[PDB]
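Below is work.cif, which holds mmCIF, C-alpha atoms and all ligand atoms.
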```cif
data_entry
loop_
_atom_site.label_atom_id
_atom_site.label_comp_id
_atom_site.auth_asym_id
_atom_site.auth_seq_id
_atom_site.Cartn_x
_atom_site.Cartn_y
_atom_site.Cartn_z
CA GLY A 13 -62.31 26.62 21.97
CA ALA A 14 -59.56 25.46 19.65
CA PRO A 15 -57.81 28.91 19.51
CA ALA A 16 -57.65 29.21 23.30
CA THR A 17 -56.18 25.70 23.57
CA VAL A 18 -53.41 26.71 21.17
CA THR A 19 -52.68 29.83 23.26
CA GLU A 20 -52.52 27.75 26.44
CA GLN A 21 -50.71 24.63 25.20
CA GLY A 22 -49.37 25.35 21.69
CA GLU A 23 -45.70 25.06 20.83
CA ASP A 24 -43.89 28.19 19.68
CA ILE A 25 -42.49 27.25 16.27
CA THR A 26 -40.98 30.71 15.51
CA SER A 27 -37.18 31.15 15.29
CA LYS A 28 -37.36 34.31 17.39
CA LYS A 29 -39.47 32.48 20.06
CA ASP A 30 -41.88 35.43 20.17
CA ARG A 31 -45.02 33.19 20.30
CA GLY A 32 -46.00 34.64 16.88
CA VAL A 33 -46.94 31.21 15.52
CA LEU A 34 -48.22 28.62 17.98
CA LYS A 35 -49.02 25.03 16.98
CA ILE A 36 -50.89 22.02 18.25
CA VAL A 37 -50.77 18.68 16.46
CA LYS A 38 -54.38 17.44 16.32
CA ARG A 39 -53.63 14.30 14.32
CA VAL A 40 -50.17 12.78 13.91
CA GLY A 41 -49.06 12.18 10.30
CA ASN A 42 -47.10 9.43 8.58
CA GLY A 43 -43.38 8.79 8.33
CA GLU A 44 -40.74 11.38 9.26
CA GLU A 45 -40.49 13.52 6.08
CA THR A 46 -41.62 17.14 6.08
CA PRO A 47 -41.57 19.44 3.02
CA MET A 48 -38.60 21.32 1.61
CA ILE A 49 -38.67 24.95 0.44
CA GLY A 50 -39.91 24.87 -3.15
CA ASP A 51 -42.01 21.73 -2.72
CA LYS A 52 -45.59 21.86 -3.92
CA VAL A 53 -47.81 21.30 -0.91
CA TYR A 54 -51.43 20.07 -1.05
CA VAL A 55 -53.68 20.91 1.91
CA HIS A 56 -57.19 21.20 3.24
CA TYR A 57 -57.74 24.09 5.63
CA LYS A 58 -60.17 26.18 7.60
CA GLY A 59 -59.28 29.65 8.72
CA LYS A 60 -60.87 32.41 10.73
CA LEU A 61 -60.14 35.70 12.42
CA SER A 62 -59.81 35.29 16.18
CA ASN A 63 -62.06 38.26 16.91
CA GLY A 64 -64.23 38.22 13.83
CA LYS A 65 -66.97 36.67 11.79
CA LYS A 66 -64.76 35.86 8.83
CA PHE A 67 -64.27 32.20 7.99
CA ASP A 68 -62.65 30.55 4.97
CA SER A 69 -62.32 26.92 3.99
CA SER A 70 -60.94 24.79 1.17
CA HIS A 71 -63.81 22.38 1.96
CA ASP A 72 -66.25 24.82 0.34
CA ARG A 73 -64.62 24.20 -3.06
CA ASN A 74 -64.20 20.48 -2.17
CA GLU A 75 -60.68 20.61 -3.63
CA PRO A 76 -57.19 20.87 -2.05
CA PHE A 77 -55.39 24.19 -1.87
CA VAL A 78 -51.96 23.95 -3.51
CA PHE A 79 -48.97 26.27 -3.23
CA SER A 80 -45.17 26.19 -3.36
CA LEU A 81 -43.56 26.31 0.11
CA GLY A 82 -41.65 29.55 0.71
CA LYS A 83 -42.51 31.12 -2.71
CA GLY A 84 -44.64 33.89 -1.05
CA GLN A 85 -48.19 33.02 -2.18
CA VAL A 86 -49.23 32.63 1.46
CA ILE A 87 -48.54 34.40 4.75
CA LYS A 88 -45.23 33.79 6.57
CA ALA A 89 -46.98 31.72 9.26
CA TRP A 90 -48.06 29.21 6.64
CA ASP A 91 -44.50 28.83 5.27
CA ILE A 92 -43.29 28.30 8.87
CA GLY A 93 -46.13 26.03 9.95
CA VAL A 94 -46.63 23.81 6.94
CA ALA A 95 -42.85 23.21 6.79
CA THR A 96 -43.17 21.46 10.22
CA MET A 97 -45.95 19.06 9.13
CA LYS A 98 -45.89 15.47 8.02
CA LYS A 99 -48.12 13.90 5.38
CA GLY A 100 -51.50 13.20 6.96
CA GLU A 101 -50.93 15.57 9.87
CA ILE A 102 -53.66 17.92 11.04
CA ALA A 103 -52.52 20.94 13.04
CA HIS A 104 -53.97 24.04 14.60
CA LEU A 105 -52.02 27.31 14.26
CA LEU A 106 -52.65 30.58 16.06
CA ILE A 107 -50.92 33.47 14.37
CA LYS A 108 -50.06 36.98 15.51
CA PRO A 109 -50.34 39.80 12.93
CA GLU A 110 -46.56 40.06 12.44
CA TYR A 111 -46.68 36.60 10.76
CA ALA A 112 -49.90 37.29 8.81
CA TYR A 113 -51.15 40.74 7.49
CA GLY A 114 -49.58 43.09 10.09
CA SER A 115 -50.65 46.42 11.46
CA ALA A 116 -51.87 47.48 8.00
CA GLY A 117 -54.08 44.45 7.45
CA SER A 118 -55.31 43.94 3.88
CA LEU A 119 -58.72 45.56 3.54
CA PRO A 120 -61.49 44.75 2.90
CA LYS A 121 -60.71 41.14 3.73
CA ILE A 122 -58.29 41.50 6.66
CA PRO A 123 -58.41 44.28 9.30
CA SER A 124 -55.56 45.94 11.16
CA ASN A 125 -53.71 43.80 13.75
CA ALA A 126 -55.68 40.61 13.11
CA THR A 127 -54.81 37.35 14.83
CA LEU A 128 -55.66 34.35 12.63
CA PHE A 129 -56.50 30.75 13.45
CA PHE A 130 -56.15 27.84 11.04
CA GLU A 131 -56.76 24.15 10.96
CA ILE A 132 -54.57 22.60 8.26
CA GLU A 133 -54.41 19.03 6.96
CA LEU A 134 -51.25 18.31 4.96
CA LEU A 135 -52.45 15.87 2.30
CA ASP A 136 -49.26 15.53 0.26
CA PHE A 137 -46.15 17.28 -0.96
CA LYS A 138 -44.08 16.78 -4.08
CA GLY A 139 -40.73 18.10 -5.19
CA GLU A 140 -40.34 20.73 -7.91
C1 LIG A 201 -60.43 33.06 -0.03
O1 LIG A 201 -59.72 34.28 -0.28
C2 LIG A 201 -58.94 34.69 0.74
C3 LIG A 201 -58.70 33.98 1.91
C4 LIG A 201 -57.88 34.51 2.92
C5 LIG A 201 -57.33 35.76 2.75
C6 LIG A 201 -57.64 36.52 1.63
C7 LIG A 201 -58.42 35.97 0.60
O2 LIG A 201 -58.64 36.66 -0.58
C8 LIG A 201 -59.61 37.67 -0.47
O3 LIG A 201 -57.20 37.80 1.34
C9 LIG A 201 -56.08 38.34 2.06
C10 LIG A 201 -55.83 39.73 1.50
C11 LIG A 201 -55.54 39.70 0.01
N1 LIG A 201 -54.66 38.60 -0.34
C12 LIG A 201 -54.97 37.40 -0.84
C13 LIG A 201 -53.78 36.74 -0.93
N2 LIG A 201 -52.79 37.61 -0.55
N3 LIG A 201 -53.33 38.74 -0.19
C14 LIG A 201 -53.48 35.35 -1.35
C15 LIG A 201 -53.99 34.32 -0.33
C16 LIG A 201 -53.86 32.92 -0.85
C17 LIG A 201 -53.27 34.48 1.00
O4 LIG A 201 -53.95 33.74 2.02
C18 LIG A 201 -53.15 33.24 2.99
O5 LIG A 201 -51.97 33.44 3.06
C19 LIG A 201 -53.92 32.50 4.06
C20 LIG A 201 -53.43 31.08 4.06
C21 LIG A 201 -53.89 30.31 2.81
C22 LIG A 201 -55.41 30.24 2.80
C23 LIG A 201 -56.00 31.67 2.84
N4 LIG A 201 -55.38 32.54 3.86
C24 LIG A 201 -56.05 33.58 4.40
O6 LIG A 201 -55.42 34.40 5.03
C25 LIG A 201 -57.58 33.71 4.19
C26 LIG A 201 -58.23 34.36 5.43
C27 LIG A 201 -58.18 33.42 6.63
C28 LIG A 201 -58.85 34.09 7.85
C29 LIG A 201 -60.30 34.47 7.56
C30 LIG A 201 -60.39 35.40 6.37
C31 LIG A 201 -59.69 34.79 5.16
#
```

Hey, can you dump this file as structure tokens for me?
Ligand SMILES: COc1cc2cc(c1OC)OCCCn1cc(nn1)C[C@@H](C)COC(=O)[C@@H]1CCCCN1C(=O)[C@H]2C1CCCCC1
Amino acid sequence: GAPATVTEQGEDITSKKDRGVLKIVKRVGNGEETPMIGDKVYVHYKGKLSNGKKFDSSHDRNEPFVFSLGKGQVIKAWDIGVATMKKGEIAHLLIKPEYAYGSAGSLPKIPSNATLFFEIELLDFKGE
């Protein structure tokens, strides 16, 4: 499925090049601009554990998820990944625990050493 394709063909977008955050562009966005640290970013997403029956989606609430890039509301992988995206882009990210909830996890929601998969659509971003 989608996660396996990211493993096999995804680009490593980490600085350390440790394959901690792998990305496939599923739909190319518009223009050249990508968001700056501090920008408010508006997305739709679906997320799941790799090896789990936990699934989460913005589409359930039928409203975009909004956060400030780099301000710490979301996992490191999201700060790294969303910063690479253009408006209108859809991407798949596969994420090792070091860039998500680590060895500890965050129970009950997130277990120890969980790999996460997301599909993210970057709808818009706006400066502070
Ligand atoms: C729908 O509720 C949740 C969704 C997800 C994780 C959740 C969660 O709350 C229960 O708990 C993680 C542990 C507690 N927590 C929450 C937050 N920080 N720590 C803020 C939260 C915004 C952090 O979430 C993220 O960084 C990522 C990216 C943004 C969208 C949600 N994210 C999740 O990790 C999901 C998670 C995805 C995989 C399947 C289980 C849910």

Checklist entry - What lies within 7 Å of segment 58-75 of chain A using only C-alpha atoms, ignoring chain neighbours under 5 positions off, as number ranges by chain? => result A: 126-132

Item to check | Nearest candidate to ligand LIG 201 (chain A) (options A:39, A:98, A:121, A:83; using all atoms listed in the file) | outcome: A:121

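Pairwise distance (atom CA of residue 135 of chain A, atom CA of residue 92 of chain A) equals 16.8 Å.
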
Checklist entry - Which protein, DNA or RNA residues have an atom at most 7 Å from (-47.8, 21.7, 24.6), counting all atoms listed in the file? List them as a PyMOL selection string. => result chain A and resi 21-23

Checklist entry - Between A:138, A:88, A:104, A:99, which has the minimum distance to ligand LIG 201 (chain A) (counting all atoms listed in the file)? => result A:88

Checklist outcome for this item: With distances taken over only C-alpha atoms, the candidate from A:124, A:37, A:94, A:87 nearest residue 54 of chain A is A:94

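Note that the spacing between atom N2 of ligand LIG 201 (chain A) and atom CA of residue 133 of chain A amounts to 20.1 Å.
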
Can you spit out segment 13-124 of chain A with C-alpha atoms, as an mmCIF file, in the first residue's frame, from the structure just given?
```cif
data_model
loop_
_atom_site.group_PDB
_atom_site.id
_atom_site.type_symbol
_atom_site.label_atom_id
_atom_site.label_comp_id
_atom_site.auth_asym_id
_atom_site.auth_seq_id
_atom_site.Cartn_x
_atom_site.Cartn_y
_atom_site.Cartn_z
ATOM 1 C CA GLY A 13 0.000 0.000 0.000
ATOM 2 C CA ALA A 14 0.789 3.690 0.278
ATOM 3 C CA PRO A 15 3.211 3.250 3.273
ATOM 4 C CA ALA A 16 5.252 0.582 1.493
ATOM 5 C CA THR A 17 5.530 2.785 -1.612
ATOM 6 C CA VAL A 18 6.963 5.577 0.539
ATOM 7 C CA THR A 19 9.516 3.160 2.055
ATOM 8 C CA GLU A 20 10.541 1.973 -1.406
ATOM 9 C CA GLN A 21 10.489 5.242 -3.372
ATOM 10 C CA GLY A 22 10.125 8.113 -0.869
ATOM 11 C CA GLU A 23 12.639 10.928 -0.645
ATOM 12 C CA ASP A 24 14.519 11.364 2.625
ATOM 13 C CA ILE A 25 13.747 14.938 3.668
ATOM 14 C CA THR A 26 15.667 14.791 7.002
ATOM 15 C CA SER A 27 18.826 16.909 7.506
ATOM 16 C CA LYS A 28 20.643 13.951 9.045
ATOM 17 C CA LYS A 29 19.641 11.715 6.060
ATOM 18 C CA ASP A 30 18.599 8.960 8.477
ATOM 19 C CA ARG A 31 15.407 8.075 6.509
ATOM 20 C CA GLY A 32 13.390 9.246 9.564
ATOM 21 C CA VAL A 33 10.926 11.179 7.394
ATOM 22 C CA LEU A 34 10.272 9.884 3.883
ATOM 23 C CA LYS A 35 8.043 11.723 1.391
ATOM 24 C CA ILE A 36 6.210 11.106 -1.837
ATOM 25 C CA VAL A 37 4.437 13.901 -3.694
ATOM 26 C CA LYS A 38 1.023 12.494 -4.681
ATOM 27 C CA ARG A 39 -0.277 15.699 -6.249
ATOM 28 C CA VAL A 40 1.913 18.624 -7.308
ATOM 29 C CA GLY A 41 0.906 22.016 -5.865
ATOM 30 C CA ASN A 42 0.855 25.548 -7.260
ATOM 31 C CA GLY A 43 3.596 28.121 -7.644
ATOM 32 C CA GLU A 44 7.001 27.827 -5.951
ATOM 33 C CA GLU A 45 6.331 29.228 -2.441
ATOM 34 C CA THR A 46 6.491 26.979 0.610
ATOM 35 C CA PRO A 47 5.760 28.100 4.197
ATOM 36 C CA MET A 48 8.092 29.934 6.551
ATOM 37 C CA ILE A 49 8.572 29.102 10.240
ATOM 38 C CA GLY A 50 5.802 30.919 12.094
ATOM 39 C CA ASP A 51 3.325 30.818 9.209
ATOM 40 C CA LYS A 52 -0.152 29.559 9.950
ATOM 41 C CA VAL A 53 -0.697 26.458 7.854
ATOM 42 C CA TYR A 54 -4.123 25.044 6.873
ATOM 43 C CA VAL A 55 -4.293 21.341 5.987
ATOM 44 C CA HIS A 56 -6.447 18.295 5.502
ATOM 45 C CA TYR A 57 -4.874 15.046 6.657
ATOM 46 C CA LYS A 58 -5.292 11.364 7.355
ATOM 47 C CA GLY A 59 -2.967 9.555 9.686
ATOM 48 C CA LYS A 60 -2.476 6.044 10.928
ATOM 49 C CA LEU A 61 -0.069 3.824 12.804
ATOM 50 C CA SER A 62 1.897 1.589 10.437
ATOM 51 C CA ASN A 63 1.293 -1.514 12.545
ATOM 52 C CA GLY A 64 -1.985 -0.593 14.153
ATOM 53 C CA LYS A 65 -5.694 -0.049 13.929
ATOM 54 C CA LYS A 66 -5.551 3.612 14.842
ATOM 55 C CA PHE A 67 -6.657 6.095 12.213
ATOM 56 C CA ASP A 68 -7.273 9.846 12.440
ATOM 57 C CA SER A 69 -8.577 12.319 9.905
ATOM 58 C CA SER A 70 -9.446 15.999 9.628
ATOM 59 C CA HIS A 71 -12.159 14.890 7.163
ATOM 60 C CA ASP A 72 -14.205 13.545 10.088
ATOM 61 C CA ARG A 73 -14.684 17.104 11.397
ATOM 62 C CA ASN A 74 -15.041 18.370 7.783
ATOM 63 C CA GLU A 75 -12.807 21.328 8.680
ATOM 64 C CA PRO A 76 -9.098 22.100 8.063
ATOM 65 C CA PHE A 77 -6.527 21.529 10.779
ATOM 66 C CA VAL A 78 -4.564 24.724 11.469
ATOM 67 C CA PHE A 79 -1.267 25.198 13.283
ATOM 68 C CA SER A 80 1.774 27.484 13.304
ATOM 69 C CA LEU A 81 4.800 25.942 11.543
ATOM 70 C CA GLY A 82 7.643 25.187 13.963
ATOM 71 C CA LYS A 83 5.769 26.367 17.127
ATOM 72 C CA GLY A 84 5.653 22.778 18.558
ATOM 73 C CA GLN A 85 1.923 21.925 18.426
ATOM 74 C CA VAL A 86 2.701 18.985 16.137
ATOM 75 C CA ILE A 87 5.387 16.312 15.859
ATOM 76 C CA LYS A 88 8.801 17.208 14.385
ATOM 77 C CA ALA A 89 8.031 15.265 11.181
ATOM 78 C CA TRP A 90 5.127 17.578 10.470
ATOM 79 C CA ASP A 91 7.279 20.716 10.896
ATOM 80 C CA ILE A 92 9.843 19.150 8.527
ATOM 81 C CA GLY A 93 7.338 17.795 6.016
ATOM 82 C CA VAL A 94 4.810 20.578 5.763
ATOM 83 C CA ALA A 95 7.667 23.098 5.348
ATOM 84 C CA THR A 96 8.518 21.311 2.033
ATOM 85 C CA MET A 97 4.979 21.551 0.577
ATOM 86 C CA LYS A 98 3.412 23.942 -1.854
ATOM 87 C CA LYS A 99 -0.166 25.204 -1.767
ATOM 88 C CA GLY A 100 -2.400 22.495 -3.225
ATOM 89 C CA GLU A 101 0.183 19.752 -2.780
ATOM 90 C CA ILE A 102 -0.783 16.348 -1.444
ATOM 91 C CA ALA A 103 2.029 14.273 0.044
ATOM 92 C CA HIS A 104 2.529 10.993 1.812
ATOM 93 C CA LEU A 105 4.958 10.883 4.765
ATOM 94 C CA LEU A 106 6.297 7.831 6.550
ATOM 95 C CA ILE A 107 7.784 8.709 9.902
ATOM 96 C CA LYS A 108 10.097 6.847 12.262
ATOM 97 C CA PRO A 109 9.484 7.231 16.022
ATOM 98 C CA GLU A 110 12.432 9.598 16.515
ATOM 99 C CA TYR A 111 10.479 12.235 14.500
ATOM 100 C CA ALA A 112 7.095 11.446 16.116
ATOM 101 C CA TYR A 113 6.484 10.118 19.734
ATOM 102 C CA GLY A 114 9.735 8.173 20.324
ATOM 103 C CA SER A 115 10.525 5.137 22.388
ATOM 104 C CA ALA A 116 8.179 6.371 25.142
ATOM 105 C CA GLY A 117 5.180 6.834 22.867
ATOM 106 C CA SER A 118 2.294 8.833 24.355
ATOM 107 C CA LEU A 119 -0.190 6.414 25.886
ATOM 108 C CA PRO A 120 -3.012 5.640 25.539
ATOM 109 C CA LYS A 121 -3.072 7.108 22.051
ATOM 110 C CA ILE A 122 0.439 6.304 20.791
ATOM 111 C CA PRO A 123 2.452 3.169 21.715
ATOM 112 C CA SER A 124 6.195 2.767 22.128
#
```
